[PDB]
>>> print(open('my_file.tsv').read())   # TSV, C-alpha atoms
chain	number	residue	atom	x	y	z
U	2	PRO	CA	146.85	-68.20	-37.59
U	3	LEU	CA	147.55	-65.57	-34.89
U	4	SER	CA	144.78	-63.87	-32.85
U	5	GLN	CA	144.31	-60.09	-32.46
U	6	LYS	CA	145.67	-60.29	-28.87
U	7	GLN	CA	148.97	-61.98	-29.92
U	8	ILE	CA	149.54	-59.48	-32.79
U	9	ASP	CA	149.06	-56.53	-30.38
U	10	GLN	CA	151.49	-58.24	-27.94
U	11	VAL	CA	154.33	-58.46	-30.55
U	12	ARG	CA	153.62	-54.87	-31.70
U	13	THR	CA	154.15	-53.49	-28.14
U	14	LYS	CA	157.51	-55.31	-27.75
U	15	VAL	CA	158.65	-53.87	-31.12
U	16	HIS	CA	157.54	-50.34	-30.13
U	17	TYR	CA	159.97	-50.35	-27.24
U	18	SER	CA	163.24	-51.99	-28.29
U	19	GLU	CA	166.00	-49.76	-26.79
U	20	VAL	CA	169.76	-50.32	-27.35
U	21	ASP	CA	171.51	-47.88	-24.94
U	22	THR	CA	175.05	-49.34	-24.79
U	23	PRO	CA	176.36	-46.88	-22.09
U	24	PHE	CA	173.63	-48.10	-19.67
U	25	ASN	CA	173.84	-51.86	-20.23
U	26	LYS	CA	177.60	-51.52	-19.54
U	27	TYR	CA	177.25	-49.89	-16.08
U	28	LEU	CA	174.65	-52.46	-14.96
U	29	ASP	CA	177.04	-55.22	-16.15
U	30	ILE	CA	179.86	-53.70	-14.01
U	31	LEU	CA	177.47	-53.61	-11.01
U	32	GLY	CA	176.64	-57.30	-11.62
U	33	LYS	CA	180.24	-58.50	-12.08
U	34	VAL	CA	180.80	-57.22	-8.52
U	35	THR	CA	177.46	-58.20	-6.96
U	36	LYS	CA	177.99	-61.85	-8.03
U	37	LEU	CA	181.53	-61.81	-6.48
U	38	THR	CA	180.72	-59.98	-3.19
U	39	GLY	CA	177.52	-62.03	-2.81
U	40	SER	CA	179.60	-65.22	-3.27
U	41	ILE	CA	182.14	-64.13	-0.57
U	42	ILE	CA	179.31	-63.54	1.99
U	43	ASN	CA	178.15	-67.12	1.18
U	44	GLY	CA	181.79	-68.23	1.69
U	45	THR	CA	181.84	-70.35	-1.51
U	46	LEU	CA	185.02	-68.43	-2.58
U	47	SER	CA	187.15	-70.64	-4.96
U	48	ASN	CA	189.80	-69.56	-7.53
U	49	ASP	CA	187.38	-68.47	-10.32
O	6	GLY	CA	158.43	-38.20	-13.13
O	7	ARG	CA	155.90	-36.10	-15.07
O	8	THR	CA	158.32	-34.78	-17.76
O	9	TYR	CA	161.11	-36.39	-19.86
O	10	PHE	CA	163.61	-33.85	-18.50
O	11	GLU	CA	162.52	-34.30	-14.83
O	12	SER	CA	162.68	-38.14	-15.01
O	13	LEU	CA	166.22	-37.93	-16.47
O	14	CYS	CA	167.22	-35.75	-13.48
O	15	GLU	CA	165.80	-38.35	-11.03
O	16	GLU	CA	167.77	-41.08	-12.84
O	17	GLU	CA	171.01	-39.06	-12.44
O	18	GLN	CA	170.43	-38.76	-8.66
O	19	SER	CA	169.85	-42.54	-8.49
O	20	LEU	CA	173.18	-43.12	-10.38
O	21	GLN	CA	175.23	-41.19	-7.77
O	22	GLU	CA	174.15	-43.21	-4.70
O	23	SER	CA	174.92	-46.48	-6.51
O	24	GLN	CA	178.37	-45.14	-7.48
O	25	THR	CA	179.35	-44.25	-3.88
O	26	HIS	CA	178.20	-47.67	-2.63
O	27	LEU	CA	180.11	-49.47	-5.44
O	28	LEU	CA	183.33	-47.54	-4.74
O	29	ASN	CA	183.11	-48.34	-0.98
O	30	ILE	CA	182.39	-52.03	-1.78
O	31	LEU	CA	185.50	-52.14	-4.04
O	32	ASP	CA	187.83	-50.65	-1.35
O	33	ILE	CA	186.54	-53.13	1.30
O	34	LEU	CA	187.08	-55.90	-1.29
O	35	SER	CA	190.72	-54.72	-1.77
O	36	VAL	CA	191.26	-54.69	2.02
O	37	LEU	CA	189.86	-58.28	2.24
O	38	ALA	CA	191.99	-59.55	-0.71
O	39	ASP	CA	195.04	-57.49	0.43
O	40	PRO	CA	198.24	-59.60	0.93
O	44	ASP	CA	193.27	-60.92	10.33
O	45	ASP	CA	191.28	-58.52	12.61
O	46	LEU	CA	191.30	-55.75	9.95
O	47	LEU	CA	190.35	-58.56	7.51
O	48	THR	CA	187.72	-59.84	10.02
O	49	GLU	CA	186.06	-56.38	10.37
O	50	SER	CA	186.09	-56.00	6.56
O	51	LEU	CA	184.58	-59.51	6.08
O	52	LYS	CA	181.55	-58.14	8.07
O	53	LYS	CA	181.50	-54.64	6.58
O	54	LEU	CA	181.11	-56.37	3.16
O	55	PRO	CA	177.66	-57.94	4.09
O	56	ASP	CA	176.71	-54.65	5.72
O	57	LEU	CA	177.38	-52.91	2.32
O	58	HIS	CA	175.56	-55.74	0.49
O	59	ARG	CA	172.34	-54.89	2.38
O	60	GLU	CA	172.48	-51.64	0.30
O	61	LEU	CA	173.92	-52.13	-3.20
O	62	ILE	CA	171.12	-54.37	-4.49
O	63	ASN	CA	168.43	-52.03	-3.11
O	64	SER	CA	170.11	-49.00	-4.75
O	65	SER	CA	170.55	-50.83	-8.08
O	66	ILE	CA	166.84	-51.93	-8.00
O	67	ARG	CA	165.92	-48.26	-8.07
O	68	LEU	CA	168.22	-47.47	-11.03
O	69	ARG	CA	166.57	-50.03	-13.35
O	70	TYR	CA	163.11	-48.95	-12.13
O	71	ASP	CA	163.83	-45.34	-13.13
O	72	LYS	CA	165.27	-46.43	-16.49
O	73	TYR	CA	161.87	-47.94	-17.41
O	74	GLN	CA	160.12	-44.88	-15.95
O	75	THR	CA	162.13	-42.56	-18.19
O	76	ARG	CA	161.53	-44.73	-21.29
O	77	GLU	CA	157.74	-44.57	-20.77
O	78	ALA	CA	157.67	-40.77	-20.38
O	79	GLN	CA	159.75	-40.25	-23.54
O	80	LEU	CA	157.29	-42.35	-25.60
O	81	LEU	CA	154.29	-40.52	-24.06
O	82	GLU	CA	155.83	-37.13	-25.03
O	83	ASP	CA	156.73	-38.29	-28.58
O	84	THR	CA	153.08	-39.05	-29.29
O	85	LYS	CA	152.16	-35.33	-29.24
O	86	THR	CA	152.03	-34.20	-32.92
O	87	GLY	CA	152.62	-30.62	-34.17
O	88	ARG	CA	148.90	-29.89	-34.67
O	89	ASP	CA	148.15	-30.50	-30.95
O	90	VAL	CA	150.75	-27.90	-29.77
O	91	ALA	CA	149.43	-25.13	-32.09
O	92	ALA	CA	145.79	-25.49	-30.89
O	93	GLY	CA	146.08	-22.40	-28.62
O	94	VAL	CA	147.56	-19.83	-31.08
O	95	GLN	CA	145.81	-16.54	-30.09
O	96	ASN	CA	145.12	-14.99	-33.54
O	97	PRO	CA	144.17	-17.37	-36.43
O	98	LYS	CA	143.06	-14.48	-38.72
O	99	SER	CA	146.47	-12.91	-39.44
O	100	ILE	CA	147.78	-16.45	-39.94
O	101	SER	CA	145.15	-17.13	-42.57
O	102	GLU	CA	145.62	-13.75	-44.28
O	103	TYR	CA	149.39	-14.26	-44.43
O	104	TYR	CA	149.09	-17.76	-45.84
O	105	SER	CA	146.54	-16.78	-48.49
X	12	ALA	CA	196.52	-71.02	0.33
X	13	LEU	CA	194.88	-68.43	-1.96
X	14	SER	CA	192.66	-67.46	1.03
X	15	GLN	CA	191.53	-68.88	4.41
X	16	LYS	CA	187.92	-68.44	3.15
X	17	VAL	CA	186.86	-68.95	6.82
X	18	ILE	CA	183.94	-66.71	7.81
X	19	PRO	CA	183.37	-66.21	11.58
X	20	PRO	CA	180.47	-63.62	11.24
X	21	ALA	CA	176.97	-65.07	10.55
X	22	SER	CA	173.34	-63.85	10.07
X	23	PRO	CA	170.08	-65.72	11.07
X	24	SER	CA	166.74	-65.52	9.14
X	25	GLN	CA	164.88	-62.78	11.13
X	26	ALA	CA	164.16	-60.80	7.91
X	27	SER	CA	160.86	-60.40	5.96
X	28	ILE	CA	159.67	-58.00	8.69
X	29	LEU	CA	156.88	-56.49	6.48
X	30	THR	CA	156.16	-59.97	4.99
X	31	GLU	CA	156.22	-61.24	8.64
X	32	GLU	CA	154.85	-64.29	10.50
X	33	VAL	CA	154.21	-67.78	9.11
X	34	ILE	CA	152.61	-68.06	5.64
X	35	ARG	CA	150.05	-69.94	7.82
X	36	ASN	CA	146.80	-67.93	8.42
X	37	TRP	CA	147.33	-67.50	4.66
X	38	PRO	CA	144.01	-65.89	3.49
X	39	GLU	CA	143.60	-63.59	6.49
X	40	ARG	CA	147.20	-62.39	6.17
X	41	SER	CA	146.87	-62.03	2.39
X	42	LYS	CA	143.72	-59.91	2.64
X	43	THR	CA	145.40	-57.86	5.38
X	44	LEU	CA	148.38	-57.22	3.09
X	45	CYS	CA	146.16	-56.23	0.17
X	46	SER	CA	144.19	-53.85	2.40
X	47	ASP	CA	147.40	-52.34	3.78
X	48	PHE	CA	148.72	-51.78	0.26
X	49	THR	CA	145.49	-50.14	-0.91
X	50	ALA	CA	145.62	-48.03	2.26
X	51	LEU	CA	148.94	-46.27	1.61
X	52	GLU	CA	149.10	-42.87	-0.07
X	53	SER	CA	152.05	-40.92	-1.45
X	54	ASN	CA	152.72	-43.43	-4.26
X	55	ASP	CA	156.50	-42.96	-4.00
X	56	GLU	CA	156.55	-44.35	-0.45
X	57	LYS	CA	154.45	-47.29	-1.65
X	58	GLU	CA	157.18	-48.26	-4.11
X	59	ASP	CA	159.66	-48.42	-1.23
X	60	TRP	CA	157.61	-50.92	0.77
X	61	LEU	CA	156.99	-52.98	-2.36
X	62	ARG	CA	160.72	-53.56	-2.80
X	63	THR	CA	161.04	-55.16	0.63
X	64	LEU	CA	158.01	-57.40	0.17
X	65	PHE	CA	159.10	-58.53	-3.27
X	66	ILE	CA	162.66	-59.42	-2.31
X	67	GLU	CA	161.34	-61.19	0.77
X	68	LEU	CA	159.04	-63.12	-1.55
X	69	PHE	CA	161.91	-64.20	-3.78
X	70	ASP	CA	163.59	-65.46	-0.62
X	71	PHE	CA	160.94	-68.19	-0.37
X	72	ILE	CA	161.08	-69.39	-3.98
X	85	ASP	CA	154.00	-70.76	-5.35
X	86	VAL	CA	150.52	-70.67	-6.86
X	87	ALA	CA	149.37	-68.78	-3.77
X	88	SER	CA	152.00	-66.14	-4.48
X	89	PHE	CA	150.79	-65.95	-8.08
X	90	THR	CA	147.22	-65.42	-6.88
X	91	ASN	CA	148.50	-62.72	-4.51
X	92	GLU	CA	150.23	-60.95	-7.41
X	93	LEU	CA	146.98	-61.23	-9.38
X	94	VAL	CA	145.08	-59.53	-6.55
X	95	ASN	CA	147.72	-56.81	-6.20
X	96	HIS	CA	147.82	-56.03	-9.92
X	97	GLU	CA	144.03	-56.07	-10.27
X	98	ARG	CA	143.73	-53.70	-7.31
X	99	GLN	CA	146.31	-51.48	-9.01
X	100	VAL	CA	144.37	-51.39	-12.30
X	101	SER	CA	141.85	-49.09	-10.61
X	102	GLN	CA	144.49	-46.36	-10.84
X	103	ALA	CA	146.14	-45.12	-14.02
X	104	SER	CA	149.75	-46.31	-13.78
X	105	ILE	CA	151.06	-49.79	-13.00
X	106	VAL	CA	153.84	-49.73	-10.41
X	107	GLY	CA	153.64	-53.31	-9.13
X	108	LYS	CA	154.28	-54.79	-12.56
X	109	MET	CA	157.33	-52.62	-13.25
X	110	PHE	CA	158.75	-53.38	-9.83
X	111	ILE	CA	158.34	-57.11	-10.35
X	112	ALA	CA	159.96	-56.66	-13.76
X	113	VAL	CA	163.07	-55.18	-12.15
X	114	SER	CA	163.26	-57.13	-8.89
X	115	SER	CA	162.99	-60.36	-10.87
>>> encode(input="my_file.tsv", output="structure tokens")
Amino acid sequence: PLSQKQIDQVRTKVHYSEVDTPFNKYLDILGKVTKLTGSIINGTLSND
Amino acid sequence: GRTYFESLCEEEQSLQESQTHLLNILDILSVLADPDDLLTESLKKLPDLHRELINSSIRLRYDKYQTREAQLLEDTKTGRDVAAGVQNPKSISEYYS
Amino acid sequence: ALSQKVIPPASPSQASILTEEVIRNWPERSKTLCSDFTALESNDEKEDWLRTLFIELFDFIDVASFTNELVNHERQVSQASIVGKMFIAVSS
């Protein structure tokens, strides 16, 4: 048994699924550098 | 961000600032990992650049959601709504009949 | 020998300028912040300030912060769009 609120909540997530591969890739490049540069400022360093 | 086209333009402008920051961060990273003093100044310039890249990125994801919402709001307008203002219905009805 | 990994430069915690002071004086400061947020015009500029606050908040991390977010969102429901929620959704 699912209430009216929960059904509306799944419907809104379905109505918005986006799969833009070009975008997700650029954000991933930004992250693969933010995690490294942020680590160096901490000074944790280490050989990967 | 009123229109789908205008929001896409704002997103493009947010992409460029992030790109310049990223390229500068990469060059400083090369100087730091290059085979002191120059390396000491770089090891500080890198935190200076860090107080910038995350803020700029923040904005890019924010605009991505902004653009998605506007596109959905525009796609809800059906054909009937747009043709509400046609000036002369008459001729249209005569021609169709 | 891969790297010295020795860092002479350092930074102290003098940040959170807009989320300033002790969290002490909690309700007075919280109401002051809510009033200041409701005060601002030119929605764009508002977004800017929000960023700072929010990242400062994630520096600390709690239920008090959740109540504060409740107040902020509820105050924002009076207007059409919801900027605070989207900005939490990114800055998280």
>>> interface_residues(input="my_file.tsv", of="chain X", to="chain U", cutoff="10 Å", atoms="only C-alpha atoms", output="PyMOL selection string")
chain X and resi 13-18+20-21
>>> atom_distance(input="my_file.tsv", atom1="atom CA of residue 34 of chain X", atom2="atom CA of residue 68 of chain X")
10.8 Å
>>> atom_distance(input="my_file.tsv", atom1="atom CA of residue 58 of chain O", atom2="atom CA of residue 26 of chain O")
9.0 Å
>>> interface_residues(input="my_file.tsv", of="chain O", to="chain U", cutoff="9 Å", atoms="all atoms listed in the file", output="list in words")
residues 23, 27, 30, 31, 34, 51, 52, 54, 55, 58, 61, 62, 65, 69, 76, 77 and 80 of chain O
>>> atom_distance(input="my_file.tsv", atom1="atom CA of residue 62 of chain X", atom2="atom CA of residue 101 of chain X")
20.9 Å
>>> interface_residues(input="my_file.tsv", of="chain X", to="chain O", cutoff="12 Å", atoms="only C-alpha atoms", output="VMD selection string")
chain X and resid 12 to 22 26 54 to 55 58 to 63 65 to 66 104 to 115
>>> write_last_selection(input="my_file.tsv", atoms="C-alpha atoms", output="mmCIF file, in the coordinates of the input")
data_model
loop_
_atom_site.group_PDB
_atom_site.id
_atom_site.type_symbol
_atom_site.label_atom_id
_atom_site.label_comp_id
_atom_site.auth_asym_id
_atom_site.auth_seq_id
_atom_site.Cartn_x
_atom_site.Cartn_y
_atom_site.Cartn_z
ATOM 1 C CA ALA X 12 196.520 -71.020 0.330
ATOM 2 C CA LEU X 13 194.880 -68.430 -1.960
ATOM 3 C CA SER X 14 192.660 -67.460 1.030
ATOM 4 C CA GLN X 15 191.530 -68.880 4.410
ATOM 5 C CA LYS X 16 187.920 -68.440 3.150
ATOM 6 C CA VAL X 17 186.860 -68.950 6.820
ATOM 7 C CA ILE X 18 183.940 -66.710 7.810
ATOM 8 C CA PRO X 19 183.370 -66.210 11.580
ATOM 9 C CA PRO X 20 180.470 -63.620 11.240
ATOM 10 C CA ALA X 21 176.970 -65.070 10.550
ATOM 11 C CA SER X 22 173.340 -63.850 10.070
ATOM 12 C CA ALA X 26 164.160 -60.800 7.910
ATOM 13 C CA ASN X 54 152.720 -43.430 -4.260
ATOM 14 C CA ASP X 55 156.500 -42.960 -4.000
ATOM 15 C CA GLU X 58 157.180 -48.260 -4.110
ATOM 16 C CA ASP X 59 159.660 -48.420 -1.230
ATOM 17 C CA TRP X 60 157.610 -50.920 0.770
ATOM 18 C CA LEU X 61 156.990 -52.980 -2.360
ATOM 19 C CA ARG X 62 160.720 -53.560 -2.800
ATOM 20 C CA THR X 63 161.040 -55.160 0.630
ATOM 21 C CA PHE X 65 159.100 -58.530 -3.270
ATOM 22 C CA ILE X 66 162.660 -59.420 -2.310
ATOM 23 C CA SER X 104 149.750 -46.310 -13.780
ATOM 24 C CA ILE X 105 151.060 -49.790 -13.000
ATOM 25 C CA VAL X 106 153.840 -49.730 -10.410
ATOM 26 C CA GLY X 107 153.640 -53.310 -9.130
ATOM 27 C CA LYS X 108 154.280 -54.790 -12.560
ATOM 28 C CA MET X 109 157.330 -52.620 -13.250
ATOM 29 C CA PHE X 110 158.750 -53.380 -9.830
ATOM 30 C CA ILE X 111 158.340 -57.110 -10.350
ATOM 31 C CA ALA X 112 159.960 -56.660 -13.760
ATOM 32 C CA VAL X 113 163.070 -55.180 -12.150
ATOM 33 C CA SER X 114 163.260 -57.130 -8.890
ATOM 34 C CA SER X 115 162.990 -60.360 -10.870
#
>>> closest_residue(input="my_file.tsv", among="X:28, X:23, X:64, X:57", to="residue 92 of chain X", atoms="all atoms listed in the file")
X:64
